Amino acid sequence: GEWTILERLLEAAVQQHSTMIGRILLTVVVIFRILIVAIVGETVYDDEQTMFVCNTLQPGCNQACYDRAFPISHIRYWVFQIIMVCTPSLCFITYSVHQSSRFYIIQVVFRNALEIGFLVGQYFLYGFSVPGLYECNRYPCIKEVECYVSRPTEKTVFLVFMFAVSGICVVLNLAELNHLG
Amino acid sequence: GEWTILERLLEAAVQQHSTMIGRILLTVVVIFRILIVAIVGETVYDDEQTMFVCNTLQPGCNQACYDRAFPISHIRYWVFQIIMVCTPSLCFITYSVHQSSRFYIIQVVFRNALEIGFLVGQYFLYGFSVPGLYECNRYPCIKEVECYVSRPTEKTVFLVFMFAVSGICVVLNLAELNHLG
Amino acid sequence: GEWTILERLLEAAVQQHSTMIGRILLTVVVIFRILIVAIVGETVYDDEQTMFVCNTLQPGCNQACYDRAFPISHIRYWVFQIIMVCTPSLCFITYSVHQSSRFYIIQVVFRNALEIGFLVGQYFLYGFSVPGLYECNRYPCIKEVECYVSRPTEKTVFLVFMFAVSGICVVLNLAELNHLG
Amino acid sequence: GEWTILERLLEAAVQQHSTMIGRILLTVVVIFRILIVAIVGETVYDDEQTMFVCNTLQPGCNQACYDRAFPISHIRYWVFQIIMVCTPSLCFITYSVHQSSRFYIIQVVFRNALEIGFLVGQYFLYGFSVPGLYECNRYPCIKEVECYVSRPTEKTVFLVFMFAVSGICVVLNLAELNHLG
Amino acid sequence: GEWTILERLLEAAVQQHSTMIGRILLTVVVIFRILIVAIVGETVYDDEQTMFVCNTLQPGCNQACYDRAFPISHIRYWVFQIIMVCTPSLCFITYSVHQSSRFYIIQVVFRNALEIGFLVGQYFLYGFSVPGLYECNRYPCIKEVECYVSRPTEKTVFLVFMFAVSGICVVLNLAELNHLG
Amino acid sequence: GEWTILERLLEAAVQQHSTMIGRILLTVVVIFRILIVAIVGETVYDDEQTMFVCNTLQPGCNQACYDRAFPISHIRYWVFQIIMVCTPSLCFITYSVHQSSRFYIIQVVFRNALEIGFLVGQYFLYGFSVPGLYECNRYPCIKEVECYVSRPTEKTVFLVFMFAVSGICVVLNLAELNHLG
Amino acid sequence: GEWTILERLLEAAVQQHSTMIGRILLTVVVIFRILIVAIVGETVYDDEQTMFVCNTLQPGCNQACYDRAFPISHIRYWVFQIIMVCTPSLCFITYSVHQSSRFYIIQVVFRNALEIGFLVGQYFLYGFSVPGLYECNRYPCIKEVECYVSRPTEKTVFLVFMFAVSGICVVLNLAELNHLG
Amino acid sequence: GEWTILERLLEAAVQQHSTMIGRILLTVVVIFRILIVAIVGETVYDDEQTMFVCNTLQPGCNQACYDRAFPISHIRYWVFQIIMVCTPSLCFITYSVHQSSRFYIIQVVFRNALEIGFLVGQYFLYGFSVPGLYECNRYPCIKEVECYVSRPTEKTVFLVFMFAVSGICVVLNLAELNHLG
Amino acid sequence: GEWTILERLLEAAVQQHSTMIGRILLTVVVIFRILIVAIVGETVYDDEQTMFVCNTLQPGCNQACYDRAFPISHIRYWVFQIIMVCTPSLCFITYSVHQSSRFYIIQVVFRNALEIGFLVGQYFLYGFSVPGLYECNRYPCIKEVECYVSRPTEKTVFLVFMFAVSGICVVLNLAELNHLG
Amino acid sequence: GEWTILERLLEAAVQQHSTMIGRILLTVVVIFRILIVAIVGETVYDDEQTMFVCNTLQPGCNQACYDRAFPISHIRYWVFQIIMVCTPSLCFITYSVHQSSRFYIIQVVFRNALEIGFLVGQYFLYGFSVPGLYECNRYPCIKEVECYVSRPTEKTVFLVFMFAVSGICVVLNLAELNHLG
Amino acid sequence: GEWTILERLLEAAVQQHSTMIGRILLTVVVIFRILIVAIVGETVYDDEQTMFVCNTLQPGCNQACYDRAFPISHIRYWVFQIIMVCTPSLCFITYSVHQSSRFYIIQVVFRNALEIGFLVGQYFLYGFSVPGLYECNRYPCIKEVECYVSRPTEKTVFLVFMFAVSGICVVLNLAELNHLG
């Protein structure tokens, strides 16, 4: 979508005083999250429902089994996570005009809570792999039927990579949280 | 669409004197509404009519039942709401060149009325969930037929999130309205 | 399309002296016409001919009945109207370099004539609603056949909204015309 | 396509001394040609071959009859004409750095020749209307078959409008040519 | 694609001292190559494989005969040629920071070699016309089958135009090469 | 995708002191990798799964055999490689604000390791050619079936070109590594 | 069907005393009616509903329009007529065992009434020709549609032939009725 | 089927002494029942399930609604009735070899009971007409659907004719029953 | 059909006194006409309309062009001819019971007239060959279309054979007519 | 099939001395078994596999589930039973020519054993009803699928009727077996 | 077809005096030709054109290639041969009534000529095998295409068997011809 609005909002939010860990965390967020989702990830999840098939003759069973197997797309969860993680750093724009280190501590606390919450939610929603087969027993499908997934190896690679990057950002958040004391 | 024109119009409209509540409300509007609709929401409602199916052989029944089940798309209602809510803040551009706190009070009154109107209209148009089945008895369909919806869980998540954000902005509007007295 | 070229052309054309009514009219044109057509209206008329169906087996009858029912799309009529209405305000760029209130009066007269002409043409071309059924008796169709329309409720809402906005701009044009005398 | 490169090239080419007729001609070219082709015309010719059908069972006859009926699309002829017409005004950029009214006369002569050539070529290639039926007797089609066209009324409106605008620019070119003597 | 990055790279590479022939060559390259490929040529080759058909029932024969008839698309060959031709002029950016007429001679020699190489390669790859029929005897097709091409007249016009423009740039390159001696 | 964000990030990262080999390497990376992937390569891999066919009647065998034959698309591997290779040069932005030749040596070591790793991984993932046939024995396919690939000659040309460019950048990296000693 | 049962029933019913006209009538009935219907007519009306088509997409309209156009098949009307006409001659078997010229007169009266009734009914049911087109406005068909008939020339020949034979048998019946007085 | 076996069985069963009413009843049974069912009725009910259609996409709903609308075919009910009615007259063959008017009375009583039972059962199973539409709400059909019948006018004619013939045979049976006393 | 009824009718009609030519003619009629039509010819014309195809998409054009190309099937014309030719020999059954050489002369005259009439009608209806292509310009077909015939070589062989046999029977009829004088 | 050969074989086998029970049993066998199977039952089981459908996309699953649900057709089991039951009565033809009450006792014993064996086998093979749904888990079907049966009510009526008739013949066989002692 | 008419004609033609070789030849003709063609051969050639397929998309190419590969069906050639071979033995019926060993010699000469002619014609028409593939280059087929045959092994067995039987009958005919001298 419109990633340049977020770019220009983030350029005015990086004028805040930050520590070494905070700048390393912003570098990891800018490179390993925004550039990869905004360039590479969009096209992978383009034909997810078009190339999703089930072995049946029942109308409406493809929609039911696709919605049951993929309640939320990976790419939209990652975009929402990117937006939510950068919110505490975007509240500096609002806070600066109010004055024209307590805020920094509050930002660190909120950022750690968001990073851990999203990492745990990513583990519970998806897991670690995307298999190539699905078993569906949802109405209007008759008993259990079998369905086939589009590009499962290339979505397992994104899941593993994203989980690794989120774990890195969680470690840096806890490092800075310990640094403040 | 062309969100950068709205961005440049909003950059020239935030030069007005504002209170703390007004800046918190603008931050919530910029982050939780514009960035999410302009980046995430567009692709969700892309194959809404393509992946909408009904169990019939009657030509024209898909068009009738899709138009009866989704009179207006969620994404267009939200974009229209975003445009209408920011209108009182966009009338500052016109008002400033006229002079080259009564206006602020009028803006607050109009903004509260718009936020409450859109929140109530969102409740009456859609509700709180998007089910995965629809029952249709509209011409040219013969008696009642059953139709299936595309991505219902992922549209229920957007409805609930948008309702929560609109309720937050309504609370901030009433807070500032009480603040003025 | 390329709406930023029109934005940059309109930024250099709003440097002209204007009255209160002229600035209110420019605000209505910028917000209620350009931002809505350039963001919301494009996707509504995307599958107009793809999701247009007729109850027949005759090749070429869909093309004939779609062209007979929708001679010109609504969105292109509105874009052309937007371009034509802003032409008198775009002739200021050409007129300013010539000198390096008669022009203002001529602009007001032409703008009123264009606004009234387009409003009447919109009434005669389309009407007030888009029905969900069409009756077609055009070659190569055999006698009369029935055809079904895509998203009729959501195109009736745009027609009614656009007619209301055009009536507002006509009232403001006649207000300024009376103001000059 | 990339219309902003042409916009930035044309901003550096309008720094040349020009007469009243030359500025009126540039205004007509900028508004009635570039803004309409770059915004409105692209989507009209999008499903020209997808929604082109013939009444036959012969493979390859649709491709043959579409290529015989529309050798070159209208939109590409107009874009090429726009590029070629503005070339003499784009040679000022090259000529200015050479010096760091003979050129103006040469430009006027070439511009008149190009405008008349393109107007006559548009008359011979297309005509004045786009009919809704076509008769085809090209291999691999068996004898003569009948084919149906997509959006013929809306392409007749563009042809008539473009011919009117090109005639206006030809009249202004001959006016300036007579003015120089 | 992203033609504005190439535009901004070329704006910083035209600050080099150049002769009259070198500026005429840059004008021909900018207008007759970049503006035409980046605006007009992209849509012509959009449905090249979708609207390519063969008269057979064998699965996989369309892919084999399309790959045998069009090993590389015209538009990608032209884009690669545009990028490669402008490389010697893009090495000025790297060379200028090194110093903070031998280079000019080396650039002219390399540019002439590239222009002649691409012109000869275009002659050997494609020829002068795109016919509307193809004869294919490639596996998995059974013996020889016949295939039909999409928009052959409109691709013959581009081939002839591009060959003419490349011949013009070759003549200007040899003119400057003779000028240096 | 959004290549202009990477362009603006790379403009602020080329302000570092560099040697002759480092500037030649940056020129090769900017021209032969970024401009080609961001302009030419995107459209080649657009219909890779749509135009992938197998000779069977089994539902779900196309998805299984496409995922087994192309675990990761070439274009996404190249984009990821481009992002990862430029990371050491993007850590200069973070390092510069820390101070407001050891870093240069560390950057060279990491850049050499990344270039060699990606070149070897490209050899093991893909090879040197893309054949036009595939043999598949993956569930749900019955025993072994044969599948056909889309545009194999035009993807072999990209593989060979990309391998040549990566070998050039590896040679320049080892040249600079030897230069430092 | 089982025509040999009727043959053996008719062999035992021709043992009655008869006049010259009665034997000529039995010869015409045996040859021109039974042998033609039982050998030639069965295959003509075999694909009457299979090869009956209408120009519509409405399910169930073929059944409605075939039943409206051909309420009773010609061949079954003729077989029923053959059975009914020979009934008075088959009542001799029952009457002969009762005795083990009044009956003959009663038979002649009944046979004349049956022959005239069937000839008039054949005129009112069918007419004189079977056209090749039909116009249908029966539910579930939408307004009027057009339908096409199978073998109309070959069913017109049977209608004309059967009407001629029935008129011959009516003339012979009235000849014998006058003969008795 | 094999009607000649029944013919030869009935030839050996008509050697019994009979009254006038019994011979008139045998004549009505032989002519109006056996000859019509064995010649005319077989082909009418040939495509009853092939030309039975319902307006749905559900597999198995045609079988369910055809079995619910026509539990037993008319032609098989009539053949079974013909076989059962002639059984008392076929018990004479068995009774005659036993001896090598009490039996006649028992036969008359049983024949009257069978004729009345079959006439009442025909009224309760079918009725008096075969409509051209059916409403079905049987599993697996979703709610109620509408189905269309093949040749309804020509099956109404057979029902009415068969009911008239059965009423005639019932009147003759009661006449003979009264005759015996 | 029921050829055994005609066999048993012909066994009782060959008891008439006949000459040598009359017995040779009856032998040719029995062998070369009845045995070939009743055994071989029925299956040839079984899929005449099922395997008749035309190159069009127009509903109802197959029925129109089949009825125009084959107004009456060959096999039914031959069966009717066989029945009509043997009628004078079947009038002996009726004439013999009347008496319980003038008749023979009348029979010969009528038989000669029938044989010559049918031979000439066969020449005018069909000709001498059945081609494999047909050109049709009958409604609802659009202009002229081309249609393909089923088993044309095997129907040309029957036409030539039947014409030869009919010419033989005509020569024998004229031989006997001359013999009588 | 050829039921007249069995009729003529049974006419020469009923010349044996028999008791009252044996003649009643032969009457029940001739009427309630042979006439019903040879006339009525053949057409019921004609489209058993054509109108058998399953809800799947797997090739070969219809054949597997039809063979699993109906291992042997009812009509062929009944025909085989009819042939086997009448064998002891057909051994009289062979035994009579050998001589040109011990045999009668042996025949009764064998006939009782066959009747009881077939009745028990009919109970174990089929049961008492034919349901309208079937559940299938046979290869190549994926897990369990559901299949639909053709004419289940009309096959339940035949099963119940045949079981009743076979029970009657078993009672008569045991009556005669007790009679002999 | 009607083989019983030929049976009854042959029963009245075997009353002629014959030698040992003539009776052995009649036994071979009756058993190895008539019983096999009239029982076994009819069903083999039932789906010859239905199960004949070609690898093309051209309408009408199946009819052309089937008629070119099988100009006359095997079964009809054999039936015609059977009828023609038995003609000399059927002329005895006509010759016997003329008298109420010269004829026998003439019959033997004609029978030998017919047997040898048909055997040679069978060799030239068909050959010795029926292959499973066919190569067709007949209009409307494009160049050469490949077609597949139904039941080729089972038609090769009939060809070889029929050729062996015809050779046996030719040897017996020459044996009797030599016997007469």
# chains A, B, ... in the order shown; residues from 1 in each chain; ligands from 1

$ closest_atom_pairs --of "chain F" --to "chain J" --cutoff "8 Å" --atoms "only C-alpha atoms" --output "tab-separated table"
residue	atom	partner	partner_atom	distance
F:57	CA	J:59	CA	7.1
F:58	CA	J:58	CA	6.6
F:59	CA	J:57	CA	7.1

$ residues_around --residues "region 34-41 of chain E" --least-positions-apart "4" --cutoff "6 Å" --atoms "only C-alpha atoms" --output "list in words"
residues 1 and 2 of chain D; 30 of chain E

$ select_by_dssp --residues "region 53-159 of chain I" --states "strand (DSSP E or B)" --output "MDAnalysis selection string"
chainID I and resid 53:54 133:136 145:148

$ residues_around --residues "residue 166 (chain J)" --least-positions-apart "6" --cutoff "9 Å" --atoms "only C-alpha atoms" --output "VMD selection string"
chain J and resid 33 115 to 116 118 to 119

$ write_last_selection --atoms "C-alpha atoms" --output "mmCIF file, in the first residue's frame"
data_model
loop_
_atom_site.group_PDB
_atom_site.id
_atom_site.type_symbol
_atom_site.label_atom_id
_atom_site.label_comp_id
_atom_site.auth_asym_id
_atom_site.auth_seq_id
_atom_site.Cartn_x
_atom_site.Cartn_y
_atom_site.Cartn_z
ATOM 1 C CA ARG J 33 -41.649 -64.674 -11.332
ATOM 2 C CA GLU J 115 -35.647 -72.366 -2.923
ATOM 3 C CA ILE J 116 -34.451 -72.069 0.669
ATOM 4 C CA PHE J 118 -31.858 -68.574 -2.749
ATOM 5 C CA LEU J 119 -34.257 -67.020 -0.219
#

$ closest_residue --among "H:28, H:10, H:162, H:174" --to "residue 84 (chain G)" --atoms "only C-alpha atoms"
H:28

$ residues_around --residues "residue 156 (chain B)" --least-positions-apart "5" --cutoff "12 Å" --atoms "only C-alpha atoms" --output "JSON, numbers by chain"
{"A": [67, 71, 72], "B": [44, 74, 126, 127, 128, 129, 130, 131, 132, 149, 150, 151, 161, 162, 163]}

$ residues_around --residues "residue 148 (chain I)" --least-positions-apart "6" --cutoff "10 Å" --atoms "only C-alpha atoms" --output "number ranges by chain"
I: 51-55, 66, 131-135; K: 59-64, 140

$ atom_distance --atom1 "CA of residue 177 (chain K)" --atom2 "CA of residue 88 (chain K)"
14.8 Å

$ residues_around --residues "residue 97 (chain C)" --least-positions-apart "6" --cutoff "12 Å" --atoms "only C-alpha atoms" --output "mmCIF file with C-alpha atoms, in the first residue's frame"
data_model
loop_
_atom_site.group_PDB
_atom_site.id
_atom_site.type_symbol
_atom_site.label_atom_id
_atom_site.label_comp_id
_atom_site.auth_asym_id
_atom_site.auth_seq_id
_atom_site.Cartn_x
_atom_site.Cartn_y
_atom_site.Cartn_z
ATOM 1 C CA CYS C 91 -6.718 29.569 -17.230
ATOM 2 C CA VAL D 14 8.158 26.086 -21.085
ATOM 3 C CA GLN D 15 10.863 28.612 -20.141
ATOM 4 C CA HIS D 17 9.732 33.007 -25.010
ATOM 5 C CA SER D 18 6.329 32.464 -26.589
ATOM 6 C CA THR D 19 3.511 34.467 -28.127
ATOM 7 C CA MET D 20 -0.129 34.576 -27.046
ATOM 8 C CA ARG D 23 0.600 29.845 -24.818
ATOM 9 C CA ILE D 24 -3.023 29.167 -25.718
#

$ residues_around --residues "residue 137 (chain K)" --least-positions-apart "4" --cutoff "10 Å" --atoms "only C-alpha atoms" --output "JSON, numbers by chain"
{"K": [61, 64, 65, 68, 141, 142, 143, 144, 145, 146]}

$ write_last_selection --atoms "N, CA and C atoms" --output "mmCIF file, in the first residue's frame"
data_model
loop_
_atom_site.group_PDB
_atom_site.id
_atom_site.type_symbol
_atom_site.label_atom_id
_atom_site.label_comp_id
_atom_site.auth_asym_id
_atom_site.auth_seq_id
_atom_site.Cartn_x
_atom_site.Cartn_y
_atom_site.Cartn_z
ATOM 1 N N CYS K 61 -12.997 -32.616 -38.022
ATOM 2 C CA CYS K 61 -11.838 -33.432 -38.358
ATOM 3 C C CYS K 61 -12.024 -34.886 -37.933
ATOM 4 N N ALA K 64 -13.991 -36.522 -40.795
ATOM 5 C CA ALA K 64 -13.147 -36.697 -41.970
ATOM 6 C C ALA K 64 -12.151 -37.826 -41.777
ATOM 7 N N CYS K 65 -11.546 -37.914 -40.598
ATOM 8 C CA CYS K 65 -10.514 -38.916 -40.415
ATOM 9 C C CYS K 65 -11.105 -40.287 -40.148
ATOM 10 N N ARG K 68 -12.025 -41.471 -43.620
ATOM 11 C CA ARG K 68 -10.855 -41.819 -44.410
ATOM 12 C C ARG K 68 -10.207 -43.105 -43.922
ATOM 13 N N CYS K 141 -8.818 -30.937 -41.445
ATOM 14 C CA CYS K 141 -7.675 -31.056 -40.557
ATOM 15 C C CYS K 141 -6.475 -30.290 -41.097
ATOM 16 N N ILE K 142 -5.763 -29.656 -40.176
ATOM 17 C CA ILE K 142 -4.585 -28.844 -40.454
ATOM 18 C C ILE K 142 -3.398 -29.791 -40.539
ATOM 19 N N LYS K 143 -2.702 -29.779 -41.679
ATOM 20 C CA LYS K 143 -1.580 -30.682 -41.907
ATOM 21 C C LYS K 143 -1.895 -32.089 -41.413
ATOM 22 N N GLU K 144 -0.940 -32.807 -40.847
ATOM 23 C CA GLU K 144 -1.229 -34.147 -40.364
ATOM 24 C C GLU K 144 -1.437 -34.200 -38.861
ATOM 25 N N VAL K 145 -2.467 -34.951 -38.471
ATOM 26 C CA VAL K 145 -2.861 -35.159 -37.089
ATOM 27 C C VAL K 145 -2.922 -36.659 -36.847
ATOM 28 N N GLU K 146 -3.005 -37.025 -35.578
ATOM 29 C CA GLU K 146 -2.986 -38.415 -35.169
ATOM 30 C C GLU K 146 -4.291 -38.758 -34.469
#

$ decode --residues "region 3-18 of chain E" --atoms "N, CA and C atoms" --output "mmCIF file, in the first residue's frame"
data_model
loop_
_atom_site.group_PDB
_atom_site.id
_atom_site.type_symbol
_atom_site.label_atom_id
_atom_site.label_comp_id
_atom_site.auth_asym_id
_atom_site.auth_seq_id
_atom_site.Cartn_x
_atom_site.Cartn_y
_atom_site.Cartn_z
ATOM 1 N N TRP E 3 10.850 3.790 -13.056
ATOM 2 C CA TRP E 3 11.596 4.616 -13.996
ATOM 3 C C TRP E 3 12.086 5.922 -13.383
ATOM 4 N N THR E 4 11.595 6.291 -12.201
ATOM 5 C CA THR E 4 12.009 7.554 -11.609
ATOM 6 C C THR E 4 13.387 7.450 -10.977
ATOM 7 N N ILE E 5 13.813 6.238 -10.619
ATOM 8 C CA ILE E 5 15.164 6.060 -10.109
ATOM 9 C C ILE E 5 16.155 6.279 -11.238
ATOM 10 N N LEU E 6 15.848 5.737 -12.419
ATOM 11 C CA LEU E 6 16.689 5.981 -13.580
ATOM 12 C C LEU E 6 16.655 7.448 -13.982
ATOM 13 N N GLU E 7 15.507 8.114 -13.823
ATOM 14 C CA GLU E 7 15.445 9.541 -14.134
ATOM 15 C C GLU E 7 16.368 10.345 -13.226
ATOM 16 N N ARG E 8 16.339 10.056 -11.923
ATOM 17 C CA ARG E 8 17.182 10.803 -10.996
ATOM 18 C C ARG E 8 18.651 10.428 -11.136
ATOM 19 N N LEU E 9 18.947 9.206 -11.580
ATOM 20 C CA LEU E 9 20.337 8.862 -11.862
ATOM 21 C C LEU E 9 20.827 9.566 -13.121
ATOM 22 N N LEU E 10 19.951 9.731 -14.115
ATOM 23 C CA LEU E 10 20.337 10.403 -15.347
ATOM 24 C C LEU E 10 20.417 11.912 -15.189
ATOM 25 N N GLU E 11 19.743 12.482 -14.188
ATOM 26 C CA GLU E 11 19.847 13.924 -13.992
ATOM 27 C C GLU E 11 21.220 14.308 -13.460
ATOM 28 N N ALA E 12 21.847 13.426 -12.684
ATOM 29 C CA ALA E 12 23.169 13.670 -12.131
ATOM 30 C C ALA E 12 24.287 13.244 -13.069
ATOM 31 N N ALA E 13 23.956 12.614 -14.193
ATOM 32 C CA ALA E 13 24.943 12.158 -15.158
ATOM 33 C C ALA E 13 25.008 13.033 -16.400
ATOM 34 N N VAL E 14 24.125 14.018 -16.524
ATOM 35 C CA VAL E 14 24.130 14.922 -17.661
ATOM 36 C C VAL E 14 24.834 16.234 -17.318
ATOM 37 N N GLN E 15 25.617 16.243 -16.244
ATOM 38 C CA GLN E 15 26.393 17.402 -15.840
ATOM 39 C C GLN E 15 27.786 17.383 -16.446
ATOM 40 N N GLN E 16 28.058 16.418 -17.316
ATOM 41 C CA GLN E 16 29.347 16.264 -17.963
ATOM 42 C C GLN E 16 29.409 17.140 -19.204
ATOM 43 N N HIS E 17 30.608 17.625 -19.514
ATOM 44 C CA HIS E 17 30.788 18.379 -20.743
ATOM 45 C C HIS E 17 30.515 17.478 -21.937
ATOM 46 N N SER E 18 29.773 18.000 -22.906
ATOM 47 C CA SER E 18 29.407 17.222 -24.078
ATOM 48 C C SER E 18 29.423 18.114 -25.308
#
